[PDB]
């Protein structure tokens, strides 16, 4: 009996929290508030054949999970000290009433599942198990048995068989969560072992489909870049389950578990900036904001999502090694310090158990870590992240592997161009609320920052749901040394005949943006969005313009032909319900500064060059624009885009096909980055088309000897020039070669 009772107790410690004083803030106010929500939920519960709370019918099935969510708040009120309702028998009776009503009317084995599978197999059962676990002694054997039987009906063993469909990645972990608890609570050792075993296929790095990739990428729904939401769900359930089972007969022993720990710093941390997790990896969730069904009324946003991912790291850290835990805690202290948008330590979505874990990290000894300066190219999910002292940026692309966007369940119907070379960024050391402050419900979805698009009007959900629309292109990726990068996207526009070559060269204080082969036949204008910045409500940040630059006060600026540049400052009013059928309808106004180049109607091989300098002063921008020397554009056409930046000793080129640009030649499409440092140089090359066919590179610079080369890099000649052959692989890995110069 005791191994099950011990697991149940350990689950309650994880779920309800441990070793805090309920009288201390902020526990005291969160518990009081839970009491209050419980009291009102109790007062309004109204069992009917089709609902348990008015306005929340069992069809759609969200209305069932909705009901379990409220019974869970009631349960919390009942079992936690400090709530004003702890151990109140009348609260207890109403919980039991609601459970019995759900068990009688909807959540039971005579129901043939309808509507969203997720509500039945993930949303409701995890809550039902949690409630059952918290109230175990008061429930009696028939209720415990009937709760286990319902789980068995909606989540049978076969749901934890084939690693496919609705059972991969975050979904796999969520299914295991309910099956494990049903095993604990129903004293069914085989269900516990099943849930532990079924975690194994989540661990290994994949090269296609759902999961974690060796370059740190994370994919869910087969084609969607998703580290921020699904990746967090996976990380959260894994940490919960590792901690649950540790020390028991069903402890997770798969050594692949280490890959999940590794992913903290390698997959997730780079996407977190001052507490937010970047909207480029948040998929359809960027459209949620205030949800109609959320009794807490907490705005979803990049900051909400990052806070949830920080909380998952805090649970996971409990089972990490000392050295890992020490690094995670230091990064988390850093995020807690720098998040002035939504203070982590009092974040209103957090129950006391997360509050306690984060306060433990806060009070612990050690210094807060900064985000390391560097570049992270998440090539498997067509994402790049760049950090410099002056700014942080996240780029979103799309390819034959990665959808333009996801819409589904009423969410994100206008996200078409979020993958069309969207460049998002924050000025470092300023408030990081750019995309948080009612950005998505007010933005013009036809003018997303960095993108090139047809202005052709599109239908809500155009291209299809769940990541269905992908451009028919291969060359999307880049090459990086870990600090700077060349990134390129062969663009085909969504719902449009637009085609373009877009490149970005991520440097020490700027991103150089090249566009070429811009060709469309839609019969309407084509635009490249130099930027589009949310100014906040009533913003009065000055826009200053010069001959070849523009600067936005508080934000940064752009070097761009001043006569070609179009601008517009305007107020835009919108609501989350405009972009999500499940969100509130309250409307707010945000002022916008938008900047764009008009490529005319039906362009044929149109182009652009512009440089963004996030975080830069007006004067730094005026200097860089008047300086002819700092940057040479080697080539900007549909066969190759390439720059030379002598202050960095840097040459960078995206070769859309075999060709030459400045001192670089390639025999096949490739991305190449050369960096000279005194008497040595390192040459880096990737193959974004991912054919895996060998190609050669020549770099026209005298070279004495090779200090080192990856096993995939064969040296063909040195002397007057460097000549390499590279066997590139099919995941767009960057291969390197270091040489002595003559």
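Positions refer to the first chain, counted from 1.
Here the stretch with the larger average CA B-factor, out of 218-226 and 83-91, is 83-91. In this entry, 102-110 has the higher mean Cα B-factor, the comparison being between 610-618 and 102-110. Residues shown: 347, 516, 476, 653. Highest C-alpha temperature factor in the entry: 347.
In the PDB entry, the Cα temperature factor peaks, among 134, 626, 635, 175, at 134. In the deposited entry, the Cα temperature factor of residue 295 places it in the highest third of its chain's modelled residues.
In this PDB entry, the Cα temperature factor of residue 415 sits in the middle third of its chain's modelled residues. Sort the chain's modelled residues by C-alpha temperature factor and residue 64 lands in the lowest third, per the entry. Ranked by Cα temperature factor within the chain, residue 239 sits in the middle third according to the deposited record.
Among all modelled residues in this chain, the alpha-carbon of residue 78 has a temperature factor (C-alpha) in the highest third.
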